[PDB]
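Shown here: start-v1.cif, mmCIF, C-alpha atoms and all ligand atoms.
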```cif
data_run
#
loop_
_atom_site.label_atom_id
_atom_site.label_comp_id
_atom_site.auth_asym_id
_atom_site.auth_seq_id
_atom_site.Cartn_x
_atom_site.Cartn_y
_atom_site.Cartn_z
CA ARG A 1 -15.71 -60.90 -47.21
CA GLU A 2 -15.88 -59.47 -50.76
CA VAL A 3 -17.02 -55.83 -50.71
CA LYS A 4 -17.89 -53.81 -53.83
CA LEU A 5 -17.76 -50.03 -53.31
CA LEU A 6 -19.08 -47.41 -55.68
CA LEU A 7 -17.95 -43.77 -55.39
CA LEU A 8 -20.57 -41.43 -56.92
CA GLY A 9 -21.00 -37.64 -56.98
CA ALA A 10 -20.53 -34.52 -59.11
CA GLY A 11 -17.27 -33.71 -60.93
CA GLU A 12 -14.83 -32.06 -58.51
CA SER A 13 -16.67 -33.56 -55.46
CA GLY A 14 -13.59 -35.39 -54.11
CA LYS A 15 -13.97 -38.90 -55.59
CA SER A 16 -10.46 -39.45 -56.96
CA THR A 17 -8.92 -37.82 -53.87
CA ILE A 18 -10.65 -40.50 -51.75
CA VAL A 19 -9.26 -43.14 -54.11
CA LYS A 20 -5.77 -41.70 -53.54
CA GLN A 21 -6.38 -41.64 -49.78
CA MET A 22 -7.24 -45.38 -49.79
CA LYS A 23 -3.85 -45.93 -51.44
CA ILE A 24 -2.07 -43.91 -48.74
CA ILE A 25 -3.97 -45.43 -45.80
CA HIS A 26 -4.63 -49.06 -46.88
CA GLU A 27 -1.99 -49.70 -49.56
CA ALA A 28 1.70 -48.83 -50.03
CA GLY A 29 1.10 -45.11 -50.66
CA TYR A 30 3.74 -43.03 -52.45
CA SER A 31 7.51 -43.53 -52.14
CA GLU A 32 9.93 -40.63 -52.74
CA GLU A 33 10.74 -42.07 -56.19
CA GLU A 34 7.06 -42.11 -57.21
CA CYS A 35 6.63 -38.58 -55.80
CA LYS A 36 9.42 -37.31 -58.08
CA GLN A 37 7.29 -38.44 -61.07
CA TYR A 38 4.45 -36.06 -60.12
CA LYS A 39 6.70 -32.98 -60.49
CA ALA A 40 5.59 -32.12 -64.03
CA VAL A 41 1.87 -32.39 -63.22
CA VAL A 42 2.41 -30.17 -60.16
CA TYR A 43 3.91 -27.55 -62.47
CA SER A 44 1.19 -27.85 -65.13
CA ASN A 45 -1.59 -27.78 -62.49
CA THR A 46 0.04 -24.62 -61.11
CA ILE A 47 0.20 -22.99 -64.55
CA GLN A 48 -3.32 -24.06 -65.59
CA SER A 49 -4.52 -22.47 -62.32
CA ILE A 50 -3.01 -19.01 -62.83
CA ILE A 51 -4.03 -19.18 -66.53
CA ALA A 52 -7.62 -19.99 -65.60
CA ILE A 53 -7.60 -16.84 -63.43
CA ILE A 54 -6.01 -14.66 -66.16
CA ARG A 55 -8.78 -15.81 -68.58
CA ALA A 56 -11.55 -14.94 -66.12
CA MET A 57 -10.04 -11.45 -65.70
CA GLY A 58 -10.62 -11.00 -69.44
CA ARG A 59 -14.19 -12.30 -69.30
CA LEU A 60 -14.97 -10.41 -66.07
CA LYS A 61 -13.23 -7.18 -67.14
CA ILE A 62 -10.96 -6.98 -64.08
CA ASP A 63 -7.72 -5.10 -64.71
CA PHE A 64 -4.28 -5.90 -63.26
CA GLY A 65 -3.35 -3.91 -60.15
CA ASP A 66 -0.13 -2.86 -61.90
CA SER A 67 -0.19 -2.60 -65.71
CA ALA A 68 3.28 -4.16 -65.96
CA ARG A 69 1.64 -7.53 -65.07
CA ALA A 70 0.03 -7.59 -68.51
CA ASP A 71 3.47 -8.26 -69.98
CA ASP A 72 4.13 -10.91 -67.33
CA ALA A 73 0.75 -12.45 -68.32
CA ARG A 74 1.66 -12.27 -72.00
CA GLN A 75 5.05 -13.81 -71.13
CA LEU A 76 3.52 -16.60 -69.04
CA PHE A 77 2.06 -18.18 -72.19
CA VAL A 78 5.41 -18.00 -74.00
CA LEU A 79 7.47 -19.41 -71.10
CA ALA A 80 4.96 -22.18 -70.29
CA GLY A 81 5.02 -23.04 -74.00
CA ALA A 82 8.86 -23.08 -74.00
CA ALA A 83 8.12 -26.11 -71.83
CA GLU A 84 10.79 -28.33 -70.29
CA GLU A 85 8.13 -30.54 -68.75
CA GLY A 86 9.22 -31.07 -65.14
CA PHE A 87 11.33 -27.93 -64.74
CA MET A 88 10.58 -24.33 -63.79
CA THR A 89 13.05 -21.62 -64.83
CA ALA A 90 13.84 -18.56 -62.70
CA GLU A 91 11.96 -16.39 -65.18
CA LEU A 92 8.76 -18.51 -65.19
CA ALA A 93 8.84 -18.67 -61.38
CA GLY A 94 9.20 -14.86 -61.31
CA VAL A 95 6.35 -14.29 -63.74
CA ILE A 96 3.96 -16.51 -61.78
CA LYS A 97 4.92 -15.06 -58.36
CA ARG A 98 4.27 -11.49 -59.52
CA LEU A 99 0.96 -12.50 -61.15
CA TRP A 100 -0.29 -14.42 -58.11
CA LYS A 101 0.67 -11.37 -56.00
CA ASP A 102 -1.05 -8.80 -58.26
CA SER A 103 -4.06 -7.10 -56.62
CA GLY A 104 -6.31 -7.60 -59.67
CA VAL A 105 -5.37 -11.28 -60.04
CA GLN A 106 -6.25 -11.57 -56.34
CA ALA A 107 -9.53 -9.70 -56.89
CA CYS A 108 -10.39 -12.23 -59.63
CA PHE A 109 -9.34 -15.20 -57.51
CA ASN A 110 -11.71 -14.04 -54.75
CA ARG A 111 -14.47 -14.00 -57.36
CA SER A 112 -13.88 -17.70 -58.29
CA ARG A 113 -17.54 -18.55 -57.65
CA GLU A 114 -18.27 -16.77 -60.99
CA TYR A 115 -16.13 -19.16 -63.04
CA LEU A 116 -14.58 -22.62 -62.67
CA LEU A 117 -11.35 -22.64 -60.62
CA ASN A 118 -10.01 -25.98 -59.35
CA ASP A 119 -9.49 -26.35 -55.58
CA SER A 120 -5.78 -27.15 -55.87
CA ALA A 121 -5.03 -23.65 -57.21
CA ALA A 122 -4.57 -21.84 -53.88
CA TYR A 123 -2.62 -24.80 -52.51
CA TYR A 124 0.08 -24.72 -55.19
CA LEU A 125 0.23 -20.96 -55.81
CA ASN A 126 0.56 -20.25 -52.05
CA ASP A 127 3.45 -22.76 -51.92
CA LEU A 128 5.43 -21.19 -54.82
CA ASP A 129 8.63 -20.59 -52.80
CA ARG A 130 8.94 -24.31 -51.99
CA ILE A 131 7.67 -25.49 -55.39
CA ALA A 132 9.65 -23.36 -57.86
CA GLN A 133 13.11 -24.50 -56.63
CA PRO A 134 15.10 -26.77 -59.02
CA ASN A 135 15.67 -29.15 -56.07
CA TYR A 136 11.95 -29.36 -55.16
CA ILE A 137 10.63 -32.84 -54.31
CA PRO A 138 6.82 -33.24 -54.19
CA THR A 139 5.61 -34.23 -50.70
CA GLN A 140 2.82 -36.79 -50.29
CA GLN A 141 0.31 -33.91 -49.85
CA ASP A 142 1.49 -32.32 -53.13
CA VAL A 143 0.84 -35.66 -54.86
CA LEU A 144 -2.59 -35.94 -53.22
CA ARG A 145 -3.32 -32.47 -54.60
CA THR A 146 -2.40 -33.38 -58.21
CA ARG A 147 -5.02 -33.35 -60.98
CA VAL A 148 -4.62 -35.87 -63.79
CA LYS A 149 -6.89 -36.81 -66.68
CA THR A 150 -8.10 -40.44 -66.65
CA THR A 151 -9.27 -43.23 -68.98
CA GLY A 152 -12.75 -44.26 -67.79
CA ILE A 153 -13.40 -46.33 -64.65
CA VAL A 154 -10.84 -46.33 -61.83
CA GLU A 155 -10.47 -49.21 -59.39
CA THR A 156 -8.20 -49.67 -56.41
CA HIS A 157 -8.26 -52.84 -54.35
CA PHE A 158 -7.11 -53.25 -50.75
CA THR A 159 -7.65 -55.43 -47.70
CA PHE A 160 -8.84 -53.86 -44.45
CA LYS A 161 -10.21 -55.56 -41.33
CA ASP A 162 -10.15 -58.87 -43.27
CA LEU A 163 -12.36 -57.57 -46.12
CA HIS A 164 -11.57 -57.45 -49.84
CA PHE A 165 -12.54 -53.92 -50.94
CA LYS A 166 -13.07 -53.09 -54.59
CA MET A 167 -13.54 -49.32 -54.87
CA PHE A 168 -14.89 -48.09 -58.20
CA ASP A 169 -14.91 -44.45 -59.25
CA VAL A 170 -16.73 -44.11 -62.58
CA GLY A 171 -15.69 -40.44 -62.82
CA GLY A 172 -16.69 -37.73 -65.28
CA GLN A 173 -16.41 -39.94 -68.37
CA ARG A 174 -19.81 -40.50 -70.04
CA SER A 175 -21.03 -44.11 -69.81
CA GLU A 176 -23.81 -46.06 -71.53
CA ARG A 177 -26.77 -47.58 -69.63
CA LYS A 178 -25.12 -51.02 -69.74
CA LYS A 179 -21.82 -49.97 -68.10
CA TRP A 180 -23.81 -48.40 -65.24
CA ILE A 181 -25.97 -51.52 -64.80
CA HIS A 182 -22.76 -53.58 -64.55
CA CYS A 183 -21.39 -51.11 -61.99
CA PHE A 184 -24.55 -51.25 -59.89
CA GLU A 185 -24.56 -55.05 -60.01
CA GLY A 186 -23.25 -56.62 -56.82
CA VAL A 187 -22.68 -53.36 -54.97
CA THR A 188 -22.31 -53.50 -51.17
CA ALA A 189 -22.08 -49.76 -50.48
CA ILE A 190 -22.38 -46.45 -52.28
CA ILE A 191 -20.40 -43.42 -51.15
CA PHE A 192 -21.97 -40.20 -52.44
CA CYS A 193 -19.59 -37.23 -52.42
CA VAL A 194 -20.87 -33.67 -52.20
CA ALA A 195 -18.73 -30.55 -52.43
CA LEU A 196 -20.24 -28.42 -49.64
CA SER A 197 -18.37 -25.39 -50.96
CA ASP A 198 -20.31 -25.60 -54.27
CA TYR A 199 -23.26 -23.84 -52.57
CA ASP A 200 -22.27 -20.39 -53.86
CA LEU A 201 -21.40 -21.24 -57.50
CA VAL A 202 -23.05 -19.11 -60.15
CA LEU A 203 -25.70 -20.83 -62.26
CA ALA A 204 -24.40 -21.92 -65.66
CA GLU A 205 -26.26 -20.59 -68.73
CA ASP A 206 -28.17 -23.81 -69.55
CA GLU A 207 -28.74 -24.74 -65.89
CA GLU A 208 -32.19 -24.57 -64.31
CA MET A 209 -31.14 -25.58 -60.79
CA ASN A 210 -27.84 -24.91 -58.99
CA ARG A 211 -25.04 -27.49 -58.58
CA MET A 212 -26.09 -28.39 -55.03
CA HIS A 213 -29.71 -29.01 -56.04
CA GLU A 214 -28.56 -31.24 -58.93
CA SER A 215 -26.47 -33.17 -56.47
CA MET A 216 -29.59 -33.49 -54.27
CA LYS A 217 -31.71 -34.65 -57.24
CA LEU A 218 -29.16 -37.38 -58.00
CA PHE A 219 -28.95 -38.42 -54.31
CA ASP A 220 -32.75 -38.58 -53.98
CA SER A 221 -32.76 -40.90 -57.02
CA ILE A 222 -29.94 -43.17 -55.78
CA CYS A 223 -31.10 -43.29 -52.18
CA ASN A 224 -34.77 -44.05 -52.99
CA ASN A 225 -34.19 -46.52 -55.85
CA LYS A 226 -35.61 -49.86 -54.72
CA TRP A 227 -32.68 -51.68 -56.37
CA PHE A 228 -30.50 -50.42 -53.51
CA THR A 229 -32.61 -51.76 -50.58
CA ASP A 230 -29.65 -53.67 -49.04
CA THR A 231 -26.97 -51.29 -50.32
CA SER A 232 -25.29 -49.17 -47.65
CA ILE A 233 -25.71 -45.52 -48.62
CA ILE A 234 -22.86 -43.37 -47.35
CA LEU A 235 -22.97 -39.59 -47.80
CA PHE A 236 -19.74 -37.61 -47.65
CA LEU A 237 -20.36 -33.92 -47.15
CA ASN A 238 -16.94 -32.95 -48.35
CA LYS A 239 -14.79 -29.81 -48.59
CA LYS A 240 -16.01 -28.80 -45.10
CA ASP A 241 -12.78 -26.81 -44.62
CA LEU A 242 -13.59 -24.73 -47.73
CA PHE A 243 -17.22 -24.44 -46.67
CA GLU A 244 -16.11 -23.05 -43.25
CA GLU A 245 -13.91 -20.44 -44.90
CA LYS A 246 -16.71 -19.35 -47.31
CA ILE A 247 -19.78 -19.36 -45.04
CA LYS A 248 -18.66 -16.08 -43.42
CA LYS A 249 -18.64 -14.09 -46.68
CA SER A 250 -21.16 -15.92 -48.93
CA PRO A 251 -24.60 -16.50 -47.48
CA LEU A 252 -26.14 -19.93 -47.83
CA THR A 253 -29.21 -18.09 -49.21
CA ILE A 254 -27.35 -18.09 -52.56
CA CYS A 255 -28.05 -21.84 -52.71
CA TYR A 256 -31.19 -22.05 -50.54
CA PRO A 257 -33.18 -18.81 -50.76
CA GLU A 258 -35.44 -20.07 -47.94
CA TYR A 259 -32.61 -20.54 -45.36
CA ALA A 260 -33.45 -18.50 -42.25
CA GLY A 261 -30.59 -19.62 -39.96
CA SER A 262 -27.34 -17.87 -39.14
CA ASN A 263 -24.25 -18.07 -41.32
CA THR A 264 -22.21 -19.98 -38.72
CA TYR A 265 -20.48 -23.10 -40.01
CA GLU A 266 -22.56 -25.17 -37.54
CA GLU A 267 -26.11 -24.09 -38.51
CA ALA A 268 -25.45 -23.93 -42.27
CA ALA A 269 -23.74 -27.32 -42.38
CA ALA A 270 -26.56 -28.89 -40.35
CA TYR A 271 -29.06 -27.31 -42.73
CA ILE A 272 -27.37 -28.96 -45.74
CA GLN A 273 -27.27 -32.29 -43.89
CA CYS A 274 -31.06 -32.12 -43.42
CA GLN A 275 -31.70 -31.10 -47.03
CA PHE A 276 -29.98 -34.32 -48.11
CA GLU A 277 -31.23 -36.75 -45.44
CA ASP A 278 -34.81 -35.46 -45.84
CA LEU A 279 -34.86 -36.81 -49.43
CA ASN A 280 -35.00 -40.32 -47.92
CA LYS A 281 -38.58 -41.49 -48.41
CA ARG A 282 -38.09 -44.80 -46.57
CA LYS A 283 -36.91 -43.33 -43.23
CA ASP A 284 -38.07 -46.29 -41.12
CA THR A 285 -36.30 -48.90 -43.30
CA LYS A 286 -33.33 -47.03 -44.72
CA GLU A 287 -30.53 -45.22 -42.88
CA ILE A 288 -28.17 -42.73 -44.53
CA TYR A 289 -24.66 -42.75 -43.07
CA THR A 290 -23.46 -39.15 -43.17
CA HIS A 291 -19.97 -37.80 -42.51
CA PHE A 292 -18.52 -34.33 -42.88
CA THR A 293 -15.16 -34.75 -44.57
CA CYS A 294 -12.07 -33.06 -45.87
CA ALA A 295 -10.95 -35.54 -48.51
CA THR A 296 -7.52 -33.94 -48.72
CA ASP A 297 -7.03 -34.57 -45.00
CA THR A 298 -5.55 -38.07 -44.63
CA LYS A 299 -6.26 -38.39 -40.88
CA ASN A 300 -9.90 -37.42 -41.38
CA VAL A 301 -10.39 -39.87 -44.24
CA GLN A 302 -8.82 -42.62 -42.13
CA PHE A 303 -11.17 -41.91 -39.22
CA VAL A 304 -14.24 -41.65 -41.46
CA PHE A 305 -13.38 -44.75 -43.49
CA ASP A 306 -12.89 -46.65 -40.24
CA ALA A 307 -16.46 -45.81 -39.14
CA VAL A 308 -17.77 -46.73 -42.62
CA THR A 309 -16.02 -50.13 -42.47
CA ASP A 310 -17.63 -50.88 -39.09
CA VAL A 311 -20.98 -50.03 -40.71
CA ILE A 312 -20.47 -52.45 -43.63
CA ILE A 313 -19.40 -55.22 -41.22
CA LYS A 314 -22.40 -54.78 -38.91
CA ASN A 315 -24.73 -54.88 -41.93
CA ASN A 316 -24.70 -58.70 -42.21
CA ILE B 1 -34.12 -46.45 -64.27
CA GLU B 2 -32.96 -44.51 -67.37
CA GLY B 3 -33.70 -41.33 -65.38
CA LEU B 4 -30.80 -42.20 -63.05
CA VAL B 5 -28.38 -42.60 -65.98
CA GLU B 6 -29.32 -39.13 -67.36
CA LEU B 7 -28.66 -37.56 -63.95
CA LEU B 8 -25.42 -39.50 -63.42
CA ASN B 9 -23.94 -38.59 -66.82
CA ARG B 10 -24.93 -34.93 -66.41
CA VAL B 11 -23.95 -34.54 -62.72
CA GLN B 12 -20.67 -36.52 -62.80
CA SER B 13 -19.30 -34.77 -65.91
CA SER B 14 -19.49 -31.24 -64.42
CA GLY B 15 -16.66 -28.99 -63.17
CA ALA B 16 -13.18 -27.89 -64.18
CA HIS B 17 -11.53 -29.36 -67.30
CA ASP B 18 -8.56 -27.59 -68.99
CA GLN B 19 -7.16 -27.68 -65.43
CA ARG B 20 -6.19 -31.36 -65.40
CA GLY B 21 -3.06 -33.26 -66.45
CA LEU B 22 0.06 -32.06 -68.27
CA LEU B 23 0.13 -28.80 -70.24
CA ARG B 24 -1.37 -29.00 -73.72
CA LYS B 25 -1.18 -26.67 -76.74
CA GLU B 26 -4.83 -25.62 -76.45
CA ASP B 27 -4.43 -24.50 -72.82
CA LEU B 28 -1.80 -22.02 -74.00
CA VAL B 29 -3.72 -19.96 -76.59
CA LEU B 30 -3.37 -16.28 -75.64
CA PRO B 31 -6.50 -14.56 -74.25
CA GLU B 32 -8.02 -12.00 -76.64
CA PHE B 33 -7.78 -9.15 -74.11
CA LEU B 34 -4.00 -9.61 -74.01
CA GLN B 35 -3.62 -9.17 -77.80
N1 LIG C 1 -9.69 -27.95 -49.67
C1 LIG C 1 -10.22 -29.12 -50.10
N2 LIG C 1 -10.00 -29.51 -51.37
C2 LIG C 1 -10.51 -30.69 -51.83
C3 LIG C 1 -11.29 -31.54 -50.93
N3 LIG C 1 -11.67 -32.63 -51.64
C4 LIG C 1 -11.14 -32.50 -52.89
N4 LIG C 1 -10.44 -31.35 -52.99
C5 LIG C 1 -9.76 -30.79 -54.18
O1 LIG C 1 -10.81 -30.49 -55.12
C6 LIG C 1 -10.45 -30.90 -56.43
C7 LIG C 1 -11.42 -31.99 -56.89
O2 LIG C 1 -11.15 -33.24 -56.26
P1 LIG C 1 -11.33 -34.64 -57.02
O3 LIG C 1 -10.88 -35.77 -56.13
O4 LIG C 1 -10.54 -34.67 -58.30
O5 LIG C 1 -12.90 -34.72 -57.31
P2 LIG C 1 -13.49 -35.69 -58.45
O6 LIG C 1 -13.65 -34.87 -59.71
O7 LIG C 1 -14.85 -36.20 -58.02
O8 LIG C 1 -12.55 -36.83 -58.68
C8 LIG C 1 -8.99 -31.31 -56.33
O9 LIG C 1 -8.21 -30.15 -56.68
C9 LIG C 1 -8.77 -31.69 -54.87
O10 LIG C 1 -7.46 -31.39 -54.38
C10 LIG C 1 -11.49 -31.04 -49.55
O11 LIG C 1 -12.17 -31.69 -48.72
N5 LIG C 1 -10.95 -29.85 -49.23
#
```

Can you present the structure in this file as structure tokens?
Amino acid sequence: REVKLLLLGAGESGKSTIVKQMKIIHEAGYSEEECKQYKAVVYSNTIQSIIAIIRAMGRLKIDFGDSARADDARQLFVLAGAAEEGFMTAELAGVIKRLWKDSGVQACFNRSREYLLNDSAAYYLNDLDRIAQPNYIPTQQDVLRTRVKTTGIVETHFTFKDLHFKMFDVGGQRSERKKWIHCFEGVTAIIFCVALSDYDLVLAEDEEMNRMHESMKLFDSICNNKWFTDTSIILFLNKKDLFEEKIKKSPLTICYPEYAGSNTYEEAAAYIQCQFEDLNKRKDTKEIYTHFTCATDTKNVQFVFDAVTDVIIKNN
Amino acid sequence: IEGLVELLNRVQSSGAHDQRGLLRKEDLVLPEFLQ
């Protein structure tokens, strides 16, 4: 009846989004009053996003389509600094709209695989008309899209199909060997999140293998560690929507030079599924439970988490 | 294994900071190319 769940996976893989989804699906979710509280973080996320892109234009030596935008860009830092946390002025709105629309800013945005741009950037910046209004109320999806900093381990608890779930997301905060051992102790299932769309990210300077291969190295280690014999290993191949949009223009050979298949969603996604499941060295004993997911899609998470729950039940 | 902890700490830390939470003073330092 008591079920301990550990979310693992790279930063930006979708862990805290899943946590939020469990709140929406299996807890009370977000009321309109709570949603109003996320307004400031929506604005900051939006501004961080366009700033991140402006910075990359500098590093990447991409010029603005129209040179007037440079003053907008200069102004953005002043106006964002003038603050009023939770409120966007007509002038800030204007500055951001004209930046997001600039052909150079767009050129840089399309080159996001060369730098680190969060996946909520397009979502907010494409919704500027709705968002910038002084009467704007964040929808549940807006809230789901928010990016907050956190203090260490996160835990939500909920009851589903008569089970007490404790879902732990350790997150990007560095933890000592002892904290991990405590986390691993008494674990029913591990959900390993993978950002599919990370396949085309440029190698960092100190990095020997690409993000996907590091994710694979970690998963090999978790999945084959004898301590997890009776632990249900669940693999979420996440950001499938973003993967489907990318696979057309960025070949999977960026990530897997040996890939000989086509660049259809179907063949390239299957290929990644095999790369992961083939790391299982105890194939006859151990079964990976793999789902392709869009963590920001509430329906999909609900469906997938339903199948996962049936798996944990049956494993008795 | 200690090998697993190395991987975990490395792999789970990665990605996009400076793009989380409320606006902070450091996030708003003008880019050099705009000076
Ligand atoms: N389009 C899309 N965005 C996603 C998906 N999963 C997560 N995101 C976004 O990617 C970013 C990283 O998600 P997050 O839950 O914080 O990953 P975490 O670092 O492991 O906690 C956020 O901006 C999310 O909105 C997905 O399946 N599709």

A:265, A:136, A:77, A:276 ranked by distance to chain B, top pick (using only C-alpha atoms):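 Once distances to chain B are computed over only C-alpha atoms, the minimum belongs to A:77.
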
Within 9 Å of residue B:7 using all atoms listed in the file, minus same-chain residues under 4 positions, as a list in words: residues 214, 215, 217, 218 and 221 of chain A; 2, 3, 11 and 12 of chain B

Residue neighbourhood stretch 230-243 of chain A, 8 Å, only C-alpha atoms, exclusion window fewer than 2 positions, as a ChimeraX atom specification: /A:13-14,187-197,223,228,245-247,265,273,287-295,308,312

Contact residues (chain B, partner chain A, 7 Å, all atoms listed in the file) as a ChimeraX atom specification: /B:4-5,7-9,11-16,19-23,28,30-31,33-34

d(atom CA of residue A:91, atom CA of residue A:127) in Å: 17.0 Å

Quick one: residues within 8 Å of stretch 199-209 of chain A, all atoms listed in the file, excluding same-chain residues fewer than 5 positions away - as a PDB file with C-alpha atoms, in the coordinates of the input?
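Done, and the output landed in around22.pdb:
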```
ATOM      1  CA  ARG A 113     -17.540 -18.550 -57.650  1.00  0.00           C
ATOM      2  CA  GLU A 114     -18.270 -16.770 -60.990  1.00  0.00           C
ATOM      3  CA  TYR A 115     -16.130 -19.160 -63.040  1.00  0.00           C
ATOM      4  CA  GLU A 214     -28.560 -31.240 -58.930  1.00  0.00           C
ATOM      5  CA  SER A 250     -21.160 -15.920 -48.930  1.00  0.00           C
ATOM      6  CA  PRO A 251     -24.600 -16.500 -47.480  1.00  0.00           C
ATOM      7  CA  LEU A 252     -26.140 -19.930 -47.830  1.00  0.00           C
ATOM      8  CA  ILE A 254     -27.350 -18.090 -52.560  1.00  0.00           C
ATOM      9  CA  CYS A 255     -28.050 -21.840 -52.710  1.00  0.00           C
TER      10      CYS A 255
END
```

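Atom CA of residue A:133 lies 7.6 Å from atom CA of residue A:88.
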
Residue nearest ligand LIG 1 (chain C) - candidates B:24, B:17, B:35, B:29, atoms counted: only C-alpha atoms and all ligand atoms: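 Using only C-alpha atoms and all ligand atoms, the shortest distance to ligand LIG 1 (chain C) belongs to B:17.
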
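The coordinates place atom CA of residue A:4 at 9.2 Å from atom CA of residue A:185.
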
Option closest in space to ligand LIG 1 (chain C), from A:260, A:154, A:107, A:3 [counting only C-alpha atoms and all ligand atoms]: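 Ranking A:260, A:154, A:107, A:3 by distance to ligand LIG 1 (chain C), first place goes to A:154.
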
With 3 Å on each side, where is the centre of the axis-aligned box around all listed atoms of ligand LIG 1 (chain C), and how long are its edges in Å to one decimal, as AutoDock Vina command-line options?
```
--center_x -11.2 --center_y -32.4 --center_z -54.2 --size_x 13.4 --size_y 14.9 --size_z 17.0
```

A:122, A:79, A:99, A:307 ranked by distance to ligand LIG 1 (chain C), top pick (using only C-alpha atoms and all ligand atoms):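 Looking only at the distances to ligand LIG 1 (chain C), the closest residue turns out to be A:122.
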